[PDB]
Amino acid sequence: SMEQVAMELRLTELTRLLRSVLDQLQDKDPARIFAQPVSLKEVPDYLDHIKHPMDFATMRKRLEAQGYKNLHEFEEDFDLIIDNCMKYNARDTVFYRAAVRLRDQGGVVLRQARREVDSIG
């Protein structure tokens, strides 16, 4: 149908905007701490601690399959990256601290993304 096509164009354009959001948030992690999944070879107990692992590569795979329907879904995955790290790692670690800085700097980006998603519809 033509309605299905219009819906698909809307999803495509959200995907475009989320790709730009992802790139901007990933720039706030210049150490690449969050770039890839925590390795279960290197952290064998990880899944005993963290039930829903997340990382920027996994988000990018979902994004490119157009698997984010709305900005809330995308934000949920970004908050998992941060929240997982802040539980597994102690406050005195470069990992925890990187997550704090990513959360603080990402908030700015996400605030305007929400306005753009609502504004453009």
How much length is gained if the chain between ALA65 and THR93 is pulled fully straight, taking 0.36 nm per residue apart and subtracting their Cα-Cα distance, in nm to one decimal?
6.7 nm
Shape descriptors of the chain over alpha-carbon atoms, Rg and Dmax in angstrom, are 15.8, 56
With θ set to phi - 60° and the Karplus curve 6.51 cos²θ - 1.76 cosθ + 1.60, what are the ³J(HN,Hα) couplings of the stretch 73-84 in order, to the nearest whole Hz, using x for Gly and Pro?
4, 5, 4, 4, 5, 4, 5, 4, 4, 5, 5, 4
Given trypsin sites (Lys or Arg not before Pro), DSSP loops and at most 14 other Cβ atoms within 10 Å, the longest exposed-site-free stretch of the chain is 1-31
Using alpha-carbon coordinates, inclination of helix 94-120 to the longest axis of the chain, degrees
10
Using θ = phi - 60° and the Karplus curve 6.51 cos²θ - 1.76 cosθ + 1.60, what whole-Hz ³J(HN,Hα) does each residue of the stretch 43-57 get, with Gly and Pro shown as x?
10, x, 8, 4, 6, 6, 9, 10, 7, 9, x, 8, 6, 5, 5
Point-charge dipole on Cβ atoms (K/R +1, D/E -1) for the chain, about Cα centre, debye to 20:
240
Mean Cα-pair separation over length for the stretch 30-121, i.e. relative contact order, pairs under 8 Å, 6 or more apart, %:
24
Give me a comma-separated list of calculated 3J(HN,Hα) values for the stretch 13-27, in order, Karplus coefficients 6.51, -1.76, 1.60 applied at θ = phi - 60°, integers in Hz, x for any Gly or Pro.
6, 4, 4, 4, 5, 4, 5, 5, 4, 4, 5, 5, 5, 5, 5
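No lab work stands behind these numbers, since they all come straight from the coordinates. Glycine gets a Cβ as well: all are built from the backbone with ideal geometry, and neighbour counts include every protein chain shown.
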